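As provided, my_file.cif (mmCIF, C-alpha atoms) reads as follows.
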```
data_target
#
loop_
_atom_site.label_atom_id
_atom_site.label_comp_id
_atom_site.auth_asym_id
_atom_site.auth_seq_id
_atom_site.Cartn_x
_atom_site.Cartn_y
_atom_site.Cartn_z
CA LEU A 1 192.58 166.49 155.65
CA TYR A 2 192.15 167.56 159.29
CA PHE A 3 190.57 164.89 161.50
CA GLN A 4 189.65 167.63 164.01
CA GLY A 5 188.43 170.38 161.67
CA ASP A 6 186.92 168.73 158.59
CA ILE A 7 183.62 166.89 158.43
CA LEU A 8 184.09 163.31 157.23
CA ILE A 9 180.96 161.91 155.63
CA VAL A 10 180.15 158.20 155.31
CA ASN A 11 177.86 157.58 152.36
CA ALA A 12 176.11 154.42 153.52
CA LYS A 13 173.79 151.93 151.81
CA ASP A 14 173.94 149.15 154.42
CA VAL A 15 173.75 149.41 158.17
CA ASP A 16 176.59 147.05 158.99
CA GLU A 17 178.97 148.65 156.49
CA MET A 18 178.01 152.06 157.84
CA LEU A 19 178.87 150.99 161.38
CA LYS A 20 182.26 149.69 160.32
CA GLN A 21 183.12 152.90 158.51
CA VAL A 22 182.07 155.12 161.40
CA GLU A 23 184.16 152.93 163.72
CA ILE A 24 187.21 153.37 161.46
CA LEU A 25 186.78 157.15 161.55
CA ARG A 26 186.27 157.14 165.30
CA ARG A 27 189.42 155.08 165.84
CA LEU A 28 191.27 157.66 163.69
CA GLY A 29 190.06 160.35 166.08
CA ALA A 30 187.75 162.05 163.64
CA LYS A 31 185.77 164.60 165.64
CA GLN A 32 183.00 165.40 163.11
CA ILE A 33 181.57 162.24 161.53
CA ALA A 34 178.50 162.48 159.33
CA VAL A 35 176.43 159.76 157.79
CA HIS A 36 174.52 160.30 154.56
CA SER A 37 171.87 157.81 153.56
CA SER A 38 168.54 157.47 151.80
CA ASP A 39 167.59 154.77 154.35
CA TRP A 40 166.11 156.26 157.49
CA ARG A 41 167.06 153.09 159.38
CA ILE A 42 170.73 153.77 158.60
CA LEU A 43 170.49 157.31 159.90
CA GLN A 44 168.72 156.02 163.03
CA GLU A 45 171.50 153.51 163.68
CA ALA A 46 174.20 156.08 163.00
CA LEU A 47 172.71 158.40 165.56
CA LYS A 48 173.21 155.79 168.26
CA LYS A 49 176.73 154.82 167.22
CA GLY A 50 178.78 158.02 166.86
CA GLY A 51 177.29 159.80 163.85
CA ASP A 52 177.53 163.48 164.80
CA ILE A 53 175.74 164.74 161.68
CA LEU A 54 172.91 162.96 159.90
CA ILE A 55 172.48 163.96 156.26
CA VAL A 56 169.01 163.38 154.84
CA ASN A 57 167.98 163.52 151.22
CA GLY A 58 165.20 166.02 150.72
CA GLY A 59 162.61 165.02 148.13
CA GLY A 60 164.40 162.23 146.32
CA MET A 61 162.72 159.07 145.05
CA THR A 62 164.38 155.67 144.83
CA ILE A 63 163.32 153.00 142.35
CA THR A 64 164.91 149.59 142.70
CA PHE A 65 164.85 147.02 139.93
CA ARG A 66 165.61 143.40 140.74
CA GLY A 67 166.65 140.70 138.31
CA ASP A 68 169.45 138.28 137.61
CA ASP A 69 170.94 140.12 134.59
CA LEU A 70 172.36 143.61 135.14
CA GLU A 71 172.37 144.41 131.41
CA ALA A 72 168.61 143.79 131.36
CA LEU A 73 167.98 145.95 134.44
CA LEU A 74 169.90 148.75 132.78
CA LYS A 75 168.16 148.23 129.44
CA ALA A 76 164.82 148.53 131.25
CA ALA A 77 165.88 151.59 133.20
CA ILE A 78 167.27 153.55 130.20
CA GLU A 79 163.94 154.94 128.99
CA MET A 80 162.93 156.07 132.45
CA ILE A 81 166.36 157.59 133.05
CA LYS A 82 166.04 159.34 129.68
CA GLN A 83 162.73 160.88 130.70
CA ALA A 84 164.02 161.79 134.15
CA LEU A 85 167.03 163.55 132.68
CA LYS A 86 164.82 165.49 130.29
CA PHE A 87 162.66 166.60 133.23
CA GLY A 88 165.82 167.99 134.79
CA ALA A 89 166.58 165.21 137.24
CA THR A 90 169.84 164.03 138.65
CA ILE A 91 170.07 160.25 138.60
CA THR A 92 172.29 158.18 140.88
CA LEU A 93 172.82 154.49 140.11
CA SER A 94 174.27 151.86 142.38
CA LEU A 95 174.21 148.08 142.65
CA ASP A 96 173.15 146.26 145.82
CA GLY A 97 173.74 142.62 144.91
CA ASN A 98 171.23 141.80 142.17
CA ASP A 99 169.37 145.07 142.82
CA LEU A 100 169.83 148.17 140.66
CA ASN A 101 169.06 151.23 142.78
CA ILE A 102 168.06 154.32 140.85
CA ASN A 103 167.82 157.48 142.93
CA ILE A 104 166.10 160.39 141.20
CA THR A 105 166.29 163.92 142.54
CA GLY A 106 165.59 167.41 141.30
CA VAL A 107 162.04 166.80 140.09
CA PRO A 108 158.61 167.73 141.43
CA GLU A 109 155.91 165.38 142.70
CA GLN A 110 153.95 165.07 139.46
CA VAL A 111 157.15 164.15 137.63
CA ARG A 112 158.04 161.63 140.33
CA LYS A 113 154.57 160.10 139.87
CA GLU A 114 155.09 159.85 136.10
CA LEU A 115 158.49 158.25 136.51
CA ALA A 116 157.13 155.68 138.92
CA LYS A 117 154.40 154.79 136.43
CA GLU A 118 157.04 154.49 133.72
CA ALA A 119 159.16 152.23 135.96
CA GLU A 120 156.16 149.99 136.62
CA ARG A 121 155.35 149.68 132.92
CA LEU A 122 158.99 149.10 131.96
CA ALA A 123 159.37 146.39 134.58
CA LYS A 124 156.37 144.59 133.12
CA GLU A 125 157.61 144.99 129.55
CA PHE A 126 161.09 143.73 130.45
CA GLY A 127 159.96 141.07 132.89
CA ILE A 128 161.74 142.42 135.94
CA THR A 129 160.61 143.34 139.43
CA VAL A 130 160.30 146.74 141.09
CA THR A 131 161.05 146.31 144.78
CA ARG A 132 161.06 149.98 145.91
CA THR A 133 159.44 153.06 144.45
CA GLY A 134 158.66 156.56 145.43
CA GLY A 135 159.61 158.02 148.79
CA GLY A 136 160.10 161.73 148.10
CA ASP A 137 157.14 163.03 150.09
CA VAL A 138 158.01 166.08 152.13
CA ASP A 139 155.60 165.25 154.95
CA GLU A 140 157.31 161.90 155.40
CA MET A 141 160.66 163.65 155.33
CA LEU A 142 159.68 166.01 158.12
CA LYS A 143 158.15 163.23 160.21
CA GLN A 144 161.35 161.26 159.87
CA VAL A 145 163.49 164.23 160.69
CA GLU A 146 161.46 164.72 163.84
CA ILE A 147 162.01 161.08 164.80
CA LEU A 148 165.75 161.70 164.43
CA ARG A 149 165.62 164.82 166.58
CA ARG A 150 163.60 163.04 169.30
CA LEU A 151 166.03 160.09 169.29
CA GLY A 152 168.76 162.63 170.00
CA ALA A 153 170.40 163.54 166.71
CA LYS A 154 173.19 166.03 167.30
CA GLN A 155 172.92 167.80 163.96
CA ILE A 156 170.61 167.32 161.00
CA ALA A 157 171.49 168.32 157.48
CA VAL A 158 169.19 168.16 154.49
CA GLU A 159 170.53 167.88 150.95
CA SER A 160 168.56 168.73 147.83
CA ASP A 161 169.40 169.11 144.19
CA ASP A 162 166.68 171.75 143.77
CA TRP A 163 165.69 173.87 146.74
CA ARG A 164 163.32 175.75 144.44
CA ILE A 165 161.23 172.58 144.43
CA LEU A 166 161.77 171.80 148.07
CA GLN A 167 160.86 175.33 149.24
CA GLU A 168 157.51 174.95 147.44
CA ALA A 169 156.81 171.74 149.36
CA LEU A 170 157.84 173.41 152.66
CA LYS A 171 156.06 176.74 152.17
CA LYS A 172 152.68 175.61 153.47
CA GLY B 1 159.74 180.04 163.26
CA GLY B 2 160.39 176.64 161.72
CA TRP B 3 160.14 175.78 158.04
CA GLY B 4 157.48 173.26 157.01
CA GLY B 5 155.90 172.66 160.40
CA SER B 6 156.59 172.95 164.12
CA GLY B 7 157.84 171.02 167.13
CA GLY B 8 160.79 169.74 165.17
CA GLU B 9 158.63 168.36 162.35
CA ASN B 10 160.22 171.05 160.27
CA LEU B 11 163.58 172.38 159.26
CA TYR B 12 165.43 175.03 161.27
CA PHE B 13 166.86 177.90 159.29
CA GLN B 14 169.56 178.55 161.91
CA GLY B 15 170.23 175.11 163.37
CA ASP B 16 170.10 172.77 160.41
CA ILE B 17 172.70 172.46 157.66
CA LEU B 18 171.04 172.96 154.27
CA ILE B 19 173.05 171.43 151.42
CA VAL B 20 172.76 172.54 147.81
CA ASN B 21 173.75 169.66 145.53
CA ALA B 22 174.61 171.54 142.40
CA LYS B 23 175.29 170.27 138.91
CA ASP B 24 175.63 173.76 137.34
CA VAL B 25 177.15 176.97 138.70
CA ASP B 26 174.13 179.15 137.91
CA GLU B 27 171.73 176.70 139.54
CA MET B 28 173.94 176.58 142.63
CA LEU B 29 174.05 180.35 142.86
CA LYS B 30 170.30 180.69 142.55
CA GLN B 31 169.61 178.09 145.23
CA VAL B 32 172.19 179.51 147.59
CA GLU B 33 170.67 182.95 147.06
CA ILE B 34 167.19 181.64 147.92
CA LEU B 35 168.44 179.95 151.06
CA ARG B 36 170.21 183.12 152.12
CA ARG B 37 167.04 185.16 151.59
CA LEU B 38 165.13 182.72 153.77
CA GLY B 39 167.69 183.41 156.47
CA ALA B 40 169.48 180.07 156.36
CA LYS B 41 172.63 180.32 158.48
CA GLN B 42 174.43 177.05 157.61
CA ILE B 43 174.42 176.64 153.85
CA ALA B 44 176.59 173.94 152.35
CA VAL B 45 177.35 173.21 148.73
CA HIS B 46 178.16 169.72 147.49
CA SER B 47 179.61 169.27 144.03
CA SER B 48 181.92 167.10 141.96
CA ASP B 49 182.96 170.26 140.06
CA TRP B 50 185.64 172.29 141.75
CA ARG B 51 184.61 175.46 139.89
CA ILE B 52 181.22 175.26 141.59
CA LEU B 53 182.79 174.97 145.02
CA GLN B 54 185.22 177.85 144.33
CA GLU B 55 182.29 180.08 143.37
CA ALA B 56 180.16 178.91 146.32
CA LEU B 57 182.65 179.94 149.04
CA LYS B 58 182.36 183.51 147.73
CA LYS B 59 178.54 183.57 147.82
CA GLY B 60 177.58 182.24 151.25
CA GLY B 61 178.44 178.55 151.10
CA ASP B 62 180.07 178.09 154.52
CA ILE B 63 180.53 174.33 154.15
CA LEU B 64 181.96 172.88 150.96
CA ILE B 65 181.41 169.16 150.43
CA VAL B 66 183.82 167.35 148.14
CA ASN B 67 183.81 163.76 146.98
CA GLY B 68 186.77 161.66 147.98
CA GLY B 69 187.95 160.80 144.52
CA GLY B 70 185.74 160.54 141.51
CA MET B 71 185.88 161.24 137.81
CA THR B 72 183.48 162.98 135.46
CA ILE B 73 183.10 161.92 131.86
CA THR B 74 181.06 164.21 129.64
CA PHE B 75 179.49 163.01 126.41
CA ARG B 76 178.14 165.53 123.93
CA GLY B 77 175.54 164.89 121.27
CA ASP B 78 172.14 165.95 120.03
CA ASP B 79 170.34 162.62 120.65
CA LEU B 80 170.09 161.69 124.31
CA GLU B 81 169.03 158.13 123.66
CA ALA B 82 172.29 157.59 121.79
CA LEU B 83 174.34 159.22 124.55
CA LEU B 84 172.64 156.95 127.08
CA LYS B 85 172.91 153.82 124.95
CA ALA B 86 176.63 154.48 124.71
CA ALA B 87 177.00 155.26 128.39
CA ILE B 88 175.17 152.19 129.74
CA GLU B 89 177.89 149.80 128.54
CA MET B 90 180.47 151.74 130.55
CA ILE B 91 178.05 152.22 133.43
CA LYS B 92 177.54 148.46 133.59
CA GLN B 93 181.27 147.96 134.02
CA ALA B 94 181.50 150.81 136.52
CA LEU B 95 178.69 149.29 138.58
CA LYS B 96 180.30 145.85 138.58
CA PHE B 97 183.49 147.44 139.89
CA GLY B 98 181.47 148.98 142.72
CA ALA B 99 181.00 152.52 141.46
CA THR B 100 178.21 154.90 142.17
CA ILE B 101 177.25 156.76 139.02
CA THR B 102 175.53 160.12 138.88
CA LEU B 103 173.98 161.27 135.61
CA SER B 104 172.78 164.76 134.78
CA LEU B 105 172.06 166.69 131.62
CA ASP B 106 173.50 170.15 130.93
CA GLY B 107 172.07 171.13 127.57
CA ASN B 108 173.61 168.79 125.03
CA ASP B 109 176.07 167.39 127.58
CA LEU B 110 175.48 164.15 129.49
CA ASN B 111 177.65 164.37 132.59
CA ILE B 112 178.55 161.03 134.13
CA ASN B 113 180.21 161.26 137.55
CA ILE B 114 181.80 158.03 138.74
CA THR B 115 182.78 157.62 142.38
CA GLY B 116 183.82 154.73 144.53
CA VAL B 117 186.43 153.10 142.27
CA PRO B 118 190.23 153.16 142.24
CA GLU B 119 192.55 154.74 139.70
CA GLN B 120 193.16 151.64 137.61
CA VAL B 121 189.40 151.20 137.32
CA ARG B 122 188.97 154.85 136.37
CA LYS B 123 191.59 154.41 133.68
CA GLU B 124 189.73 151.39 132.31
CA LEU B 125 186.40 153.26 132.37
CA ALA B 126 187.95 156.20 130.56
CA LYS B 127 189.34 153.91 127.88
CA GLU B 128 185.89 152.34 127.54
CA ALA B 129 184.27 155.76 127.22
CA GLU B 130 186.70 156.70 124.44
CA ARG B 131 186.00 153.47 122.55
CA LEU B 132 182.24 153.82 122.95
CA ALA B 133 182.31 157.42 121.80
CA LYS B 134 184.41 156.53 118.75
CA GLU B 135 182.32 153.52 117.80
CA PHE B 136 179.05 155.41 118.31
CA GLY B 137 180.05 158.77 116.84
CA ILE B 138 179.68 160.99 119.92
CA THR B 139 182.19 163.38 121.47
CA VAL B 140 183.84 163.15 124.88
CA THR B 141 184.59 166.63 126.11
CA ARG B 142 185.96 165.88 129.61
CA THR B 143 187.48 162.75 131.06
CA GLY B 144 189.88 161.24 133.54
CA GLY B 145 191.26 162.56 136.76
CA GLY B 146 189.63 161.77 140.07
CA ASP B 147 192.73 160.91 142.08
CA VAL B 148 193.02 161.67 145.78
CA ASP B 149 196.20 163.71 145.29
CA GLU B 150 194.32 166.10 143.06
CA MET B 151 191.45 166.18 145.55
CA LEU B 152 193.89 167.28 148.26
CA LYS B 153 195.39 169.95 146.05
CA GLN B 154 191.93 171.21 145.21
CA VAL B 155 190.89 171.19 148.85
CA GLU B 156 193.94 173.31 149.69
CA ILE B 157 192.96 175.75 146.94
CA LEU B 158 189.50 176.00 148.49
CA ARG B 159 191.04 176.66 151.92
CA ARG B 160 193.35 179.34 150.54
CA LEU B 161 190.45 180.98 148.72
CA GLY B 162 188.64 181.25 152.08
CA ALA B 163 186.53 178.15 152.52
CA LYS B 164 185.11 178.17 156.04
CA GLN B 165 184.63 174.42 156.48
CA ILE B 166 185.46 171.41 154.32
CA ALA B 167 183.66 168.11 154.30
CA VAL B 168 184.75 165.02 152.37
CA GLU B 169 182.32 162.25 151.36
CA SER B 170 183.19 158.62 150.63
CA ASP B 171 181.39 155.28 150.60
CA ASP B 172 184.59 153.51 151.67
CA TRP B 173 186.85 155.19 154.16
CA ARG B 174 188.49 151.87 154.86
CA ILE B 175 190.07 152.22 151.41
CA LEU B 176 190.31 156.00 151.28
CA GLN B 177 192.46 156.11 154.40
CA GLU B 178 195.13 154.16 152.54
CA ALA B 179 195.33 156.91 149.92
CA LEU B 180 195.43 159.65 152.54
#
```

Please rewrite the model in this file as structure tokens.
Amino acid sequence: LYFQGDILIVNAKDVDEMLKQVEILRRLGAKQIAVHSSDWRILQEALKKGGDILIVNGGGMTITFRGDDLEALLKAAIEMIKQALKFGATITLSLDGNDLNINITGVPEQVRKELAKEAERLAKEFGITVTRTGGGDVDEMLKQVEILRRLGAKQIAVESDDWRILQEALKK
Amino acid sequence: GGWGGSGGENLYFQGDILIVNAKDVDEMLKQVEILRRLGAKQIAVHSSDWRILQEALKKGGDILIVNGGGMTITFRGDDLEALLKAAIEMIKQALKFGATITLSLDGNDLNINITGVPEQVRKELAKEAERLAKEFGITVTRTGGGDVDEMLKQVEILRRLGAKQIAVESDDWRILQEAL
């Protein structure tokens, strides 16, 4: 890899870990550091601390299930993941402590609404807690992008798993 | 001239990087084509599948985004609930080892991309996948790999095929630097 020519992207789920990773790349002389995150706060912090490129998720929803037993969180999530996959979604799973984060992309608003209703009902049936839902709205995305630009972002990038869906939300 | 709004509450076809995250070659090509026809000037393609990135550089993907390490396991079967029931036991282990897992469906294939874990963990997850498939009567059609050495070889192939810009994504550069 070329520290001068290649873009090195930090995929960040926590602000402090993000800052440490950007610092490592800076101290290695990386000239093009990007930060990719679903958390606008992380992208806002990166902008101030040497993130040259801020990578935003376009139109993705995140559902977070919280509970003490990971097997039960996953058991509860399986039916919703099954439906999401059948609707054409891409699903990303990660663990933040006792939280199971389920990011769902590649689906339109009415499908995101259905999946959030499913998550709510599954959490009740399985006795777990939903601590985050939704978040794919395009208007919110553009507002947040504008905040990044006005704070001084050097370069914005937007990632989507289905620009056919995203162009329909942006056409108006 | 902005997309979605004005004053910066919009995307910029020339100034912003627009990234296609593609799980299938045809879907990538269609989305790249749409972005080109809208006049997008900085189109990137992100994929865990090298074939997708090799095709993208030919069709207007100026930035190719690769994962730093990562393995894809593909399970094949007619009943998705059974594919997912089998996969969750391995996904649980992957998650406890710190992985990020991406799931997508390509027809009768459940593609499970696992990133963020070292080779010995990938070996263990592949062994688990084999055992789960055998016990549950499903077929694994792709497994293993994901090492940084292979990533570097594949990046060099992309460069030699004409990639204009490479980007590499990781959730832990503190570790990845040791492999590089």

(request) I need the residue set behind the PyMOL selection byres ((chain B) within 9 of (chain A)) for this file; please write it as number ranges by chain. (result) B: 3-5, 7-11, 15-23, 27-28, 30-32, 34-35, 44-46, 65, 80-81, 84-85, 88-89, 91-92, 95-96, 98-106, 152, 155, 165-174, 180

Would you mind exporting C-alpha atoms of the selected residues as a PDB file, in the frame of the given file?
```pdb
ATOM      1  CA  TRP B   3     160.140 175.780 158.040  1.00  0.00           C
ATOM      2  CA  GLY B   4     157.480 173.260 157.010  1.00  0.00           C
ATOM      3  CA  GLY B   5     155.900 172.660 160.400  1.00  0.00           C
ATOM      4  CA  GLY B   7     157.840 171.020 167.130  1.00  0.00           C
ATOM      5  CA  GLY B   8     160.790 169.740 165.170  1.00  0.00           C
ATOM      6  CA  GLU B   9     158.630 168.360 162.350  1.00  0.00           C
ATOM      7  CA  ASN B  10     160.220 171.050 160.270  1.00  0.00           C
ATOM      8  CA  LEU B  11     163.580 172.380 159.260  1.00  0.00           C
ATOM      9  CA  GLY B  15     170.230 175.110 163.370  1.00  0.00           C
ATOM     10  CA  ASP B  16     170.100 172.770 160.410  1.00  0.00           C
ATOM     11  CA  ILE B  17     172.700 172.460 157.660  1.00  0.00           C
ATOM     12  CA  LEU B  18     171.040 172.960 154.270  1.00  0.00           C
ATOM     13  CA  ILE B  19     173.050 171.430 151.420  1.00  0.00           C
ATOM     14  CA  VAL B  20     172.760 172.540 147.810  1.00  0.00           C
ATOM     15  CA  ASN B  21     173.750 169.660 145.530  1.00  0.00           C
ATOM     16  CA  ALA B  22     174.610 171.540 142.400  1.00  0.00           C
ATOM     17  CA  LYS B  23     175.290 170.270 138.910  1.00  0.00           C
ATOM     18  CA  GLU B  27     171.730 176.700 139.540  1.00  0.00           C
ATOM     19  CA  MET B  28     173.940 176.580 142.630  1.00  0.00           C
ATOM     20  CA  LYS B  30     170.300 180.690 142.550  1.00  0.00           C
ATOM     21  CA  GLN B  31     169.610 178.090 145.230  1.00  0.00           C
ATOM     22  CA  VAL B  32     172.190 179.510 147.590  1.00  0.00           C
ATOM     23  CA  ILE B  34     167.190 181.640 147.920  1.00  0.00           C
ATOM     24  CA  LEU B  35     168.440 179.950 151.060  1.00  0.00           C
ATOM     25  CA  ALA B  44     176.590 173.940 152.350  1.00  0.00           C
ATOM     26  CA  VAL B  45     177.350 173.210 148.730  1.00  0.00           C
ATOM     27  CA  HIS B  46     178.160 169.720 147.490  1.00  0.00           C
ATOM     28  CA  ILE B  65     181.410 169.160 150.430  1.00  0.00           C
ATOM     29  CA  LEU B  80     170.090 161.690 124.310  1.00  0.00           C
ATOM     30  CA  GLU B  81     169.030 158.130 123.660  1.00  0.00           C
ATOM     31  CA  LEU B  84     172.640 156.950 127.080  1.00  0.00           C
ATOM     32  CA  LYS B  85     172.910 153.820 124.950  1.00  0.00           C
ATOM     33  CA  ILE B  88     175.170 152.190 129.740  1.00  0.00           C
ATOM     34  CA  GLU B  89     177.890 149.800 128.540  1.00  0.00           C
ATOM     35  CA  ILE B  91     178.050 152.220 133.430  1.00  0.00           C
ATOM     36  CA  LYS B  92     177.540 148.460 133.590  1.00  0.00           C
ATOM     37  CA  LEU B  95     178.690 149.290 138.580  1.00  0.00           C
ATOM     38  CA  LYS B  96     180.300 145.850 138.580  1.00  0.00           C
ATOM     39  CA  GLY B  98     181.470 148.980 142.720  1.00  0.00           C
ATOM     40  CA  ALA B  99     181.000 152.520 141.460  1.00  0.00           C
ATOM     41  CA  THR B 100     178.210 154.900 142.170  1.00  0.00           C
ATOM     42  CA  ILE B 101     177.250 156.760 139.020  1.00  0.00           C
ATOM     43  CA  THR B 102     175.530 160.120 138.880  1.00  0.00           C
ATOM     44  CA  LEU B 103     173.980 161.270 135.610  1.00  0.00           C
ATOM     45  CA  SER B 104     172.780 164.760 134.780  1.00  0.00           C
ATOM     46  CA  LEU B 105     172.060 166.690 131.620  1.00  0.00           C
ATOM     47  CA  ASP B 106     173.500 170.150 130.930  1.00  0.00           C
ATOM     48  CA  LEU B 152     193.890 167.280 148.260  1.00  0.00           C
ATOM     49  CA  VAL B 155     190.890 171.190 148.850  1.00  0.00           C
ATOM     50  CA  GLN B 165     184.630 174.420 156.480  1.00  0.00           C
ATOM     51  CA  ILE B 166     185.460 171.410 154.320  1.00  0.00           C
ATOM     52  CA  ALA B 167     183.660 168.110 154.300  1.00  0.00           C
ATOM     53  CA  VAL B 168     184.750 165.020 152.370  1.00  0.00           C
ATOM     54  CA  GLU B 169     182.320 162.250 151.360  1.00  0.00           C
ATOM     55  CA  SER B 170     183.190 158.620 150.630  1.00  0.00           C
ATOM     56  CA  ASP B 171     181.390 155.280 150.600  1.00  0.00           C
ATOM     57  CA  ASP B 172     184.590 153.510 151.670  1.00  0.00           C
ATOM     58  CA  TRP B 173     186.850 155.190 154.160  1.00  0.00           C
ATOM     59  CA  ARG B 174     188.490 151.870 154.860  1.00  0.00           C
ATOM     60  CA  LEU B 180     195.430 159.650 152.540  1.00  0.00           C
TER      61      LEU B 180
END
```

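The coordinates place atom CA of residue 16 of chain A at 12.6 Å from atom CA of residue 44 of chain A.
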
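Here atom CA of residue 115 of chain B stands at a distance of 6.6 Å from atom CA of residue 71 of chain B.
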
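Coordinates place atom CA of residue 142 of chain B at a distance of 13.4 Å from atom CA of residue 77 of chain B.
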
(message) My list of candidates is B:125, B:94, B:158, B:138. Which is closest to residue 109 of chain B when distances are computed with only C-alpha atoms?
(response) B:138

Just want the 8 Å neighbourhood of residue 126 of chain A, counted on all atoms listed in the file, with same-chain residues fewer than 4 positions away dropped. Output as an mmCIF file with C-alpha atoms, in the coordinates of the input.
```
data_model
loop_
_atom_site.group_PDB
_atom_site.id
_atom_site.type_symbol
_atom_site.label_atom_id
_atom_site.label_comp_id
_atom_site.auth_asym_id
_atom_site.auth_seq_id
_atom_site.Cartn_x
_atom_site.Cartn_y
_atom_site.Cartn_z
ATOM 1 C CA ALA A 72 168.610 143.790 131.360
ATOM 2 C CA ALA A 76 164.820 148.530 131.250
ATOM 3 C CA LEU A 122 158.990 149.100 131.960
#
```

(request) Give the answer as one residue: which of B:48, B:72, B:120, B:42 has the shortest atom-to-atom distance to residue 60 of chain B, using all atoms listed in the file? (result)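 Of all the options, B:42 lies closest to residue 60 of chain B.
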
Segment 61-75 of chain B: axis-aligned bounding box, 5 Å on each side, centre and edge lengths in Å, one decimal, as JSON:
```
{"center_x": 183.2, "center_y": 169.5, "center_z": 140.5, "size_x": 19.5, "size_y": 28.0, "size_z": 38.1}
```
